[PDB]
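Participant: For reference, the structure I am asking about is given below.
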Amino acid sequence: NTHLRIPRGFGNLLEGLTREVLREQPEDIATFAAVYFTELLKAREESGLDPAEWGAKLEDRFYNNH
Numbered sequence: 007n008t009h010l011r012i013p014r015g016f017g018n019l020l021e022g023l024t025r026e027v028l029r030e031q032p033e034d035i036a037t038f039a040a041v042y043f044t045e046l047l048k049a050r051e052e053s054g055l056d057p058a059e060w061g062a063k064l065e066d067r068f069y070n071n072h
């Protein structure tokens, strides 16, 4: 039997997938899971919650007049 310890929050991540699989009853669960994470990532991106990549291009812009 498998008993594993996982990072704080990963339980919730799996639970979100699981509850949506149960809600939708996909005929092909693995295909549904790939779509689930794709859409979750789009939602995270739109909210501004993508992790900051401080070595990556500072591609966004902020303006304020004085």
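In full-length UniProt numbering, the protein residues as written are 7 to 72. We put the CB at the ideal spot given by N, CA and C, even for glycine.
Return the chain-ordered ranges of every alpha helix (DSSP H) run that is complete within the region 26 to 69 and spans a minimum of 4 residues.
Facilitator: Fully enclosed alpha helix (DSSP H) runs of 4 or longer: 35 to 53.
Participant: For the region 30 to 42 against the region 10 to 19, are there 3 or more C-beta pairs whose distance is under 8 angstroms?
Facilitator: Three or more beta-carbon pairs separated by less than 8 angstroms are not found between the region 30 to 42 and the region 10 to 19, which leaves the two stretches without contact.
Participant: Near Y42, which residues of its chain fall below 7 angstroms by C-beta distance, leaving aside the five closest residues on each side in sequence?
Facilitator: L23 and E26
Participant: Apart from the five residues on each side of it in sequence, which residues of its chain come closer than 6 angstroms, Cβ to Cβ, to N7?
Facilitator: none
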